[PDB]
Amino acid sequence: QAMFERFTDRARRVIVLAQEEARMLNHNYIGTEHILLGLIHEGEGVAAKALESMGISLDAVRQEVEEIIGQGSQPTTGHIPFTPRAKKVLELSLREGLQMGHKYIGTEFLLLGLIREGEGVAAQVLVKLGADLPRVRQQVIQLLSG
């Protein structure tokens, strides 16, 4: 959460949107799936440009995530905590950033963090759509160059 000092405005906004996505589905946790939904919803950063560059539809990503996770049965108004794997995505995102010389990270690194996490809904969707780690890293390098 000191972590969020190294997130850009848009990446912070993705995390706010993730919490909204969880509420919209009556999920009482913010999982990898919700971070990905937030990311595609925001739709205007480097992550979104990376997906579109690869021929992956943002609408397709939402449909695949929403199909897997469906609807919860825990409406809440409280703070919605992150799942342990969602917290790991955030940590991983910072390290994806540092590997490319970015201390302050935008949405491209949340995308890479999602994928690097490997095991959750987000990674499963993205890998199945062809956004695997090596390919998205290459895309992001291209969009950051230089």
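Start at 1 and count along the sequence shown; that's the residue number.
Undergrad: Out of 57-65 and 32-40, which stretch has the higher average CA B-factor listed in the record?
TA: The deposited B-factors put 57-65 ahead on the C-alpha mean.
Undergrad: In the PDB record, does 128-136 or 12-20 carry the higher mean Cα temperature factor?
TA: Here the higher of the two C-alpha B-factor means belongs to 128-136.
Undergrad: For the listed residues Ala86, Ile80, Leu110, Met100, which one has the largest C-alpha B-factor as given in the deposited model?
TA: It is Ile80.
Undergrad: Can you tell me which of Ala47, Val121, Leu114, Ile105 has the highest Cα temperature factor in the record?
TA: Of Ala47, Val121, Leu114, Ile105, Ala47 has the highest C-alpha B-factor.
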